[PDB]
>>> print(open('entry-v1.cif').read())   # mmCIF, C-alpha atoms
data_query
loop_
_atom_site.label_atom_id
_atom_site.label_comp_id
_atom_site.auth_asym_id
_atom_site.auth_seq_id
_atom_site.Cartn_x
_atom_site.Cartn_y
_atom_site.Cartn_z
CA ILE F 3 100.22 71.92 110.77
CA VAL F 4 102.60 71.60 107.83
CA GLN F 5 103.10 67.90 108.56
CA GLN F 6 99.31 67.46 108.76
CA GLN F 7 98.79 69.22 105.42
CA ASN F 8 101.35 66.88 103.85
CA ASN F 9 99.57 63.89 105.39
CA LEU F 10 96.21 65.01 103.94
CA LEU F 11 97.71 65.60 100.48
CA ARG F 12 99.28 62.13 100.50
CA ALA F 13 95.88 60.71 101.49
CA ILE F 14 94.18 62.56 98.59
CA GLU F 15 96.88 61.30 96.20
CA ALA F 16 96.38 57.71 97.33
CA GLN F 17 92.60 58.10 97.04
CA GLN F 18 93.03 59.42 93.49
CA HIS F 19 94.93 56.25 92.58
CA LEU F 20 92.10 54.20 94.05
CA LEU F 21 89.53 56.28 92.14
CA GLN F 22 91.42 55.73 88.88
CA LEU F 23 91.44 51.98 89.53
CA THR F 24 87.65 52.02 90.07
CA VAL F 25 87.13 54.06 86.87
CA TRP F 26 89.27 51.55 84.99
CA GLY F 27 87.29 48.66 86.53
CA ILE F 28 83.97 50.20 85.47
CA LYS F 29 85.24 50.73 81.91
CA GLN F 30 86.25 47.05 81.73
CA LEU F 31 82.77 45.99 82.85
CA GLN F 32 81.05 48.29 80.35
CA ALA F 33 83.23 47.07 77.48
CA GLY F 39 77.82 53.25 73.39
CA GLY F 40 75.82 55.75 75.45
CA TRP F 41 78.71 56.49 77.85
CA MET F 42 80.19 59.47 75.93
CA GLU F 43 79.03 62.10 78.44
CA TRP F 44 80.18 59.97 81.39
CA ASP F 45 83.61 59.65 79.72
CA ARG F 46 83.77 63.41 79.11
CA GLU F 47 83.01 64.10 82.77
CA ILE F 48 85.44 61.47 84.06
CA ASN F 49 88.14 62.96 81.83
CA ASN F 50 87.43 66.57 82.85
CA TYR F 51 87.34 65.84 86.57
CA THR F 52 90.41 63.58 86.31
CA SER F 53 92.32 66.42 84.63
CA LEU F 54 90.98 68.87 87.19
CA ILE F 55 92.10 66.75 90.14
CA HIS F 56 95.55 66.16 88.57
CA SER F 57 95.97 69.93 88.26
CA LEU F 58 94.97 70.48 91.90
CA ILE F 59 97.28 67.71 93.15
CA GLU F 60 100.23 69.08 91.15
CA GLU F 61 99.46 72.57 92.44
CA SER F 62 99.36 71.26 96.01
CA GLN F 63 102.59 69.29 95.58
CA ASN F 64 104.33 72.43 94.31
CA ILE H 3 98.73 77.50 104.81
CA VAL H 4 95.34 79.03 104.00
CA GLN H 5 96.02 78.71 100.27
CA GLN H 6 97.05 75.08 100.80
CA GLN H 7 93.87 74.31 102.76
CA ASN H 8 91.83 75.79 99.90
CA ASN H 9 93.78 73.68 97.40
CA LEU H 10 93.07 70.49 99.40
CA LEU H 11 89.36 71.31 99.72
CA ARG H 12 89.10 71.91 95.96
CA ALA H 13 90.84 68.55 95.41
CA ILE H 14 88.35 66.80 97.74
CA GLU H 15 85.45 68.50 95.93
CA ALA H 16 86.72 67.36 92.53
CA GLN H 17 87.26 63.84 93.88
CA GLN H 18 83.68 63.81 95.18
CA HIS H 19 82.44 64.60 91.67
CA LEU H 20 84.53 61.73 90.35
CA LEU H 21 83.19 59.43 93.08
CA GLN H 22 79.60 60.36 92.19
CA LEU H 23 80.31 59.57 88.54
CA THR H 24 81.66 56.12 89.52
CA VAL H 25 78.61 55.45 91.74
CA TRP H 26 76.35 56.43 88.84
CA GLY H 27 78.34 54.16 86.49
CA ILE H 28 78.01 51.19 88.86
CA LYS H 29 74.25 51.76 89.18
CA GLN H 30 73.92 51.73 85.37
CA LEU H 31 75.79 48.42 85.19
CA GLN H 32 73.68 46.84 87.94
CA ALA H 33 70.43 47.98 86.32
CA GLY H 39 67.50 43.57 93.80
CA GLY H 40 69.90 42.77 96.65
CA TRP H 41 71.60 46.19 96.55
CA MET H 42 69.34 47.94 99.13
CA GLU H 43 71.99 48.05 101.87
CA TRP H 44 74.66 49.23 99.41
CA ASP H 45 72.29 52.02 98.30
CA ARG H 46 71.58 53.00 101.92
CA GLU H 47 75.31 53.25 102.64
CA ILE H 48 76.10 55.14 99.43
CA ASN H 49 73.30 57.59 100.27
CA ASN H 50 74.38 58.06 103.91
CA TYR H 51 78.04 58.60 103.08
CA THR H 52 77.16 60.86 100.13
CA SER H 53 75.05 63.02 102.46
CA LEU H 54 77.79 62.93 105.07
CA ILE H 55 80.47 64.08 102.62
CA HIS H 56 78.20 66.84 101.25
CA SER H 57 77.72 68.14 104.79
CA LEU H 58 81.49 68.12 105.45
CA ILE H 59 82.26 69.86 102.14
CA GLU H 60 79.64 72.56 102.79
CA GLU H 61 81.00 73.00 106.31
CA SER H 62 84.53 73.34 104.93
CA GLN H 63 83.44 75.79 102.23
CA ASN H 64 81.76 77.96 104.87
CA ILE Y 3 93.13 76.23 110.80
CA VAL Y 4 93.05 73.26 113.17
CA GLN Y 5 89.27 73.01 112.82
CA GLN Y 6 89.63 73.17 109.03
CA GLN Y 7 92.25 70.40 109.02
CA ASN Y 8 89.88 68.23 111.07
CA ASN Y 9 87.06 69.00 108.63
CA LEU Y 10 89.22 67.95 105.66
CA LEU Y 11 90.32 64.72 107.37
CA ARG Y 12 86.70 63.83 108.16
CA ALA Y 13 85.85 64.48 104.49
CA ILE Y 14 88.70 62.20 103.34
CA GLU Y 15 87.53 59.50 105.79
CA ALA Y 16 83.96 59.69 104.49
CA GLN Y 17 85.23 59.59 100.89
CA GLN Y 18 87.28 56.48 101.73
CA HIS Y 19 84.11 54.75 102.94
CA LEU Y 20 82.42 55.71 99.68
CA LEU Y 21 85.43 54.45 97.69
CA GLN Y 22 85.32 51.12 99.54
CA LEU Y 23 81.61 50.79 98.72
CA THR Y 24 82.34 51.40 95.01
CA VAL Y 25 85.19 48.83 95.06
CA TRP Y 26 82.84 46.33 96.68
CA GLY Y 27 80.15 47.12 94.07
CA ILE Y 28 82.59 46.56 91.20
CA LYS Y 29 83.71 43.23 92.68
CA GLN Y 30 80.07 42.09 92.89
CA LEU Y 31 79.55 42.97 89.22
CA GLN Y 32 82.72 41.17 88.12
CA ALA Y 33 81.82 38.05 90.10
CA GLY Y 39 89.85 35.78 86.31
CA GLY Y 40 92.13 38.45 84.81
CA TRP Y 41 91.60 40.90 87.70
CA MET Y 42 94.57 39.78 89.86
CA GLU Y 43 96.66 42.89 89.20
CA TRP Y 44 93.66 45.18 89.76
CA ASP Y 45 93.03 43.41 93.09
CA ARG Y 46 96.70 43.77 94.08
CA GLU Y 47 96.59 47.51 93.36
CA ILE Y 48 93.25 48.04 95.11
CA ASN Y 49 94.63 46.21 98.15
CA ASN Y 50 97.93 48.13 98.20
CA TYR Y 51 96.32 51.54 97.82
CA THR Y 52 93.59 50.65 100.34
CA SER Y 53 96.28 49.72 102.88
CA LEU Y 54 98.23 52.84 102.00
CA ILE Y 55 95.24 55.13 102.53
CA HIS Y 56 94.33 53.40 105.82
CA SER Y 57 97.87 54.04 107.06
CA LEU Y 58 97.69 57.72 106.07
CA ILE Y 59 94.26 58.19 107.68
CA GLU Y 60 95.41 56.54 110.92
CA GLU Y 61 98.54 58.70 110.88
CA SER Y 62 96.42 61.81 110.36
CA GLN Y 63 93.97 60.83 113.11
CA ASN Y 64 96.88 60.36 115.53
#
>>> encode(input="entry-v1.cif", output="structure tokens")
Amino acid sequence: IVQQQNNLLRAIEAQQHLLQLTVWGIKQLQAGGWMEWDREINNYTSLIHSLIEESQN
Amino acid sequence: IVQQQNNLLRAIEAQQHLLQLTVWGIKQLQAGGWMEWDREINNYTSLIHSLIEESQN
Amino acid sequence: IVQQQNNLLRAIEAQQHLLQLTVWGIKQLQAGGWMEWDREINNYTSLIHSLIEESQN
């Protein structure tokens, strides 16, 4: 079960990289009315980083 | 292992919020040929909500 | 705990489908300077597929 929990964390980490690439792609396409979307992307990005670092530890 | 499973669920929840923000961003940029993409986004969004609520319970 | 690990894997699988739909949506909007973004999307997509198949097994 330990090995499976490590697998799932590595999957979540790799999905977060993919998510960050899609956020970056959307910002390149939008580049102004997006301030609240940027606030929420930033807050949830920081939130997920904290949870991943907690899980890694 | 219980604490780790809670960590991973909170990470998946925070990633789902980020995913929903990226879907919303893409819909704002597209705003017509997207009907099947919308069907699939809706079905998988409902699917993930059901799995998160199951996991929370 | 086994049932919970299966729940979380199914959630990660459903999120990967959603992620792939958002990548596809972004590529339709961009359709040229995106070569490195495509390389990284491909590498992380392959990485996550390997981790999901490992977890399923």
>>> closest_atom_pairs(input="entry-v1.cif", of="chain H", to="chain F", cutoff="7 Å", atoms="all atoms listed in the file", output="Markdown table")
| residue | atom | partner | partner_atom | distance |
| --- | --- | --- | --- | --- |
| H:6 | CA | F:62 | CA | 6.5 |
| H:9 | CA | F:62 | CA | 6.2 |
| H:10 | CA | F:11 | CA | 6.8 |
| H:13 | CA | F:55 | CA | 5.7 |
| H:16 | CA | F:55 | CA | 5.9 |
| H:17 | CA | F:55 | CA | 6.8 |
| H:20 | CA | F:51 | CA | 6.3 |
| H:24 | CA | F:25 | CA | 6.4 |
| H:27 | CA | F:28 | CA | 7.0 |
| H:28 | CA | F:28 | CA | 6.9 |
>>> calpha_fit_and_write(input="entry-v1.cif", fixed="chain F", moving="chain Y", output="short mmCIF file (atom, residue, chain, number, x, y, z; two decimals) with C-alpha atoms, in the coordinates of the input")
data_model
loop_
_atom_site.label_atom_id
_atom_site.label_comp_id
_atom_site.auth_asym_id
_atom_site.auth_seq_id
_atom_site.Cartn_x
_atom_site.Cartn_y
_atom_site.Cartn_z
CA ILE Y 3 100.22 71.92 110.77
CA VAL Y 4 102.61 71.60 107.83
CA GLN Y 5 103.09 67.90 108.56
CA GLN Y 6 99.31 67.46 108.76
CA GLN Y 7 98.79 69.22 105.42
CA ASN Y 8 101.35 66.88 103.85
CA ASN Y 9 99.56 63.89 105.39
CA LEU Y 10 96.22 65.02 103.94
CA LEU Y 11 97.71 65.60 100.48
CA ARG Y 12 99.29 62.13 100.50
CA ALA Y 13 95.88 60.70 101.48
CA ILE Y 14 94.18 62.56 98.60
CA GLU Y 15 96.88 61.30 96.19
CA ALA Y 16 96.38 57.70 97.33
CA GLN Y 17 92.59 58.10 97.04
CA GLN Y 18 93.03 59.42 93.49
CA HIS Y 19 94.93 56.25 92.57
CA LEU Y 20 92.10 54.20 94.05
CA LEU Y 21 89.53 56.29 92.14
CA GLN Y 22 91.42 55.73 88.88
CA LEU Y 23 91.44 51.97 89.53
CA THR Y 24 87.65 52.02 90.07
CA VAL Y 25 87.13 54.06 86.87
CA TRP Y 26 89.27 51.56 84.99
CA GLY Y 27 87.29 48.66 86.53
CA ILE Y 28 83.97 50.20 85.47
CA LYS Y 29 85.24 50.73 81.92
CA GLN Y 30 86.26 47.05 81.73
CA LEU Y 31 82.77 45.99 82.84
CA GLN Y 32 81.04 48.29 80.34
CA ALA Y 33 83.23 47.07 77.48
CA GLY Y 39 77.83 53.24 73.40
CA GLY Y 40 75.82 55.75 75.46
CA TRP Y 41 78.71 56.50 77.85
CA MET Y 42 80.19 59.48 75.94
CA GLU Y 43 79.03 62.10 78.44
CA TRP Y 44 80.18 59.97 81.39
CA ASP Y 45 83.60 59.65 79.72
CA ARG Y 46 83.76 63.41 79.10
CA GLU Y 47 83.01 64.10 82.77
CA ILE Y 48 85.44 61.47 84.06
CA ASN Y 49 88.14 62.96 81.83
CA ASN Y 50 87.43 66.57 82.85
CA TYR Y 51 87.34 65.84 86.57
CA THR Y 52 90.41 63.58 86.31
CA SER Y 53 92.33 66.43 84.63
CA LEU Y 54 90.98 68.87 87.19
CA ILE Y 55 92.10 66.75 90.14
CA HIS Y 56 95.55 66.16 88.58
CA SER Y 57 95.97 69.93 88.25
CA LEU Y 58 94.97 70.48 91.89
CA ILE Y 59 97.28 67.72 93.16
CA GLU Y 60 100.23 69.08 91.15
CA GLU Y 61 99.46 72.57 92.45
CA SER Y 62 99.36 71.25 96.01
CA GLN Y 63 102.59 69.29 95.58
CA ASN Y 64 104.33 72.43 94.30
#
>>> atom_distance(input="entry-v1.cif", atom1="CA of residue 30 (chain F)", atom2="CA of residue 46 (chain H)")
25.7 Å
>>> atom_distance(input="entry-v1.cif", atom1="CA of residue 60 (chain Y)", atom2="CA of residue 12 (chain F)")
12.4 Å
>>> atom_distance(input="entry-v1.cif", atom1="CA of residue 23 (chain H)", atom2="CA of residue 39 (chain Y)")
25.7 Å
>>> build_atoms(input="entry-v1.cif", residues="region 18-29 of chain F", atoms="N, CA and C atoms", output="JSON list (two decimals), in the frame of the given file")
[["chain", "number", "residue", "atom", "x", "y", "z"],
["F", 18, "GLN", "N", 93.20, 59.21, 94.96],
["F", 18, "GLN", "CA", 93.03, 59.42, 93.49],
["F", 18, "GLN", "C", 93.48, 58.18, 92.76],
["F", 19, "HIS", "N", 94.52, 57.50, 93.21],
["F", 19, "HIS", "CA", 94.93, 56.25, 92.58],
["F", 19, "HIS", "C", 93.81, 55.24, 92.70],
["F", 20, "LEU", "N", 93.21, 55.15, 93.88],
["F", 20, "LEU", "CA", 92.10, 54.20, 94.05],
["F", 20, "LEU", "C", 90.97, 54.59, 93.13],
["F", 21, "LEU", "N", 90.55, 55.84, 93.07],
["F", 21, "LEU", "CA", 89.53, 56.28, 92.14],
["F", 21, "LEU", "C", 89.86, 55.88, 90.72],
["F", 22, "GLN", "N", 91.08, 56.11, 90.27],
["F", 22, "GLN", "CA", 91.42, 55.73, 88.88],
["F", 22, "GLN", "C", 91.30, 54.23, 88.69],
["F", 23, "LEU", "N", 91.64, 53.42, 89.66],
["F", 23, "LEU", "CA", 91.44, 51.98, 89.53],
["F", 23, "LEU", "C", 89.97, 51.69, 89.45],
["F", 24, "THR", "N", 89.12, 52.34, 90.17],
["F", 24, "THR", "CA", 87.65, 52.02, 90.07],
["F", 24, "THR", "C", 87.14, 52.49, 88.74],
["F", 25, "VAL", "N", 87.59, 53.62, 88.21],
["F", 25, "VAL", "CA", 87.13, 54.06, 86.87],
["F", 25, "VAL", "C", 87.54, 52.99, 85.87],
["F", 26, "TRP", "N", 88.79, 52.59, 85.93],
["F", 26, "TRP", "CA", 89.27, 51.55, 84.99],
["F", 26, "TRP", "C", 88.45, 50.31, 85.13],
["F", 27, "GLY", "N", 88.09, 49.87, 86.31],
["F", 27, "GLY", "CA", 87.29, 48.66, 86.53],
["F", 27, "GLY", "C", 85.93, 48.82, 85.88],
["F", 28, "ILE", "N", 85.30, 49.97, 86.06],
["F", 28, "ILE", "CA", 83.97, 50.20, 85.47],
["F", 28, "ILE", "C", 84.05, 50.17, 83.96],
["F", 29, "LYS", "N", 85.07, 50.76, 83.39],
["F", 29, "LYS", "CA", 85.24, 50.73, 81.91],
["F", 29, "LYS", "C", 85.43, 49.31, 81.43]]
